[PDB]
Each structure stands twice: as structure tokens, then as C-alpha cells.
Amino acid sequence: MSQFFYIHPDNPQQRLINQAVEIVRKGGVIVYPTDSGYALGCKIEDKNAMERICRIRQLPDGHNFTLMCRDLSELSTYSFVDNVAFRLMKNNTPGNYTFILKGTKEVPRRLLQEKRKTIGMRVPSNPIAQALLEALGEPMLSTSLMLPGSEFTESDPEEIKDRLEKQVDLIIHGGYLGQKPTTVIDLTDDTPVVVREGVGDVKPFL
């Protein structure tokens, strides 16, 4: 059965953050809070964990994975960022957005979209997610946690426990969040395209 941690969302207990990260380092799959709903996460190096997340997320065709990054610098290490993308993201981070970009060699081939070689880059703004990333030291392979065919993300940690405690290794209770997912912007070909309208304002990208 999945472990269940109650972590203060404003001032996360380092002890629990560290334990969560150790679970991730050992190849575990966790559910953690972000500024835009709950998300699934695991280390980028574990293929088995990736597969488990794919099934839980029911990742559709051509749908990108997400790399949860500490900041723009880390994002720029794992994806190819040109002038257009840099200027747009520097003024629209952190939180509320997932940016589709081409992944660099830092990213395992299996995590890149088969045809476009892309992956979603996302910098969370909430304390718990930031603490997890700081402790991990690198991006976390992730996906938003949402029900099949739903346009909404799961936001109730107790509901999440009831639904996935038999399928994940850790669930971090970080409060009751919003159910609106991130706004997804594809920044490739220097032509911003709105893939999904979520929390983030689409206007800066047109």
C-alpha cells in the first residue's frame, strides 16, 4: 500500500521531503502537489516507473511526458531553448504552464515524443514541489494527475488515496488544490501554439 505523507504546503518539513526523494531515488512512483493540481512523478532514469505512470495517466497518442524542473536554468539544460522561447518563458515562470520543447541529450530517448522528439517542460511554483526538486537535484519525470478523458486534474488528496493507494508508492498530501491544469504552450518552430488552456494566461503567447 502507498505511503501517505502530510506535508505542510507553505513550509514543508524537510524530513518528509527527504524521505519522499529517497523513495523516488529507489525507483518509486509518487503523487505530489503542484501549483496546478496533483501530479505523478518518478526519476528520469527508471523505465519501469515511467511505464507505471504512463498507465495511470493513460498517456494518449503523441502526448508528451513532462519534466518537472527547478527553474528556467534547469529547464534550459534539458531542452533546446532559442531566443523566442527564452524571452517568453523568462516572463512566464514559475508555475501555471507546461512548455513543449525539443529535449536535449540529457533526456533519455524513451521520454521524447517518438516523431517530434519533444517533451513538456514545467517549473512548479509551490513550496512542496520546489522542495522535492531541490532535494532530488535534477528534474522529475512527471505528468499531471487527471482522470481518464477528464479536462480536470485530481485535487483532493483523500480521493487520490482512495483511487491510487494500490498503484503508487507515495502520496504527498499537500492540501486541496485547484482542478484546472497548466496551460500548455508548444514553443517549437518559434510559433507558440496553445495546446491546452489552463491556469496560465494564453495572451502572452497569442
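Numbers follow the displayed sequence, beginning with 1.
Regarding 162-170 and 137-145, which shows the higher C-alpha temperature factor on average in the entry?
Looking at the recorded C-alpha B-factors, 162-170 comes out higher on average.
150-158 versus 173-181: which one carries the higher mean Cα B factor per the record?
Averaged over C-alpha atoms, the B-factors run higher in 150-158.
Largest Cα B-factor, entry values, listed residues 98, 113, 73, 104:
Of the candidates given, the C-alpha B-factor peaks at 113.
Divide the modelled residues of the chain into thirds by Cα B-factor and specify which third, lowest, middle or highest, holds residue 199.
As the PDB entry reports it, the C-alpha B-factor of residue 199 lands in the middle third of its chain.
Among the chain's modelled residues, which third holds the C-alpha B-factor of residue 91?
Residue 91: CA B-factor falls in the highest third of its chain.
Select lowest, middle or highest to describe the third in which the CA B-factor of residue 118 falls within its chain in this entry.
CA B-factor rank for residue 118: middle third.
Of the three thirds of its chain by CA temperature factor, lowest, middle or highest, which one includes residue 28?
Middle third.
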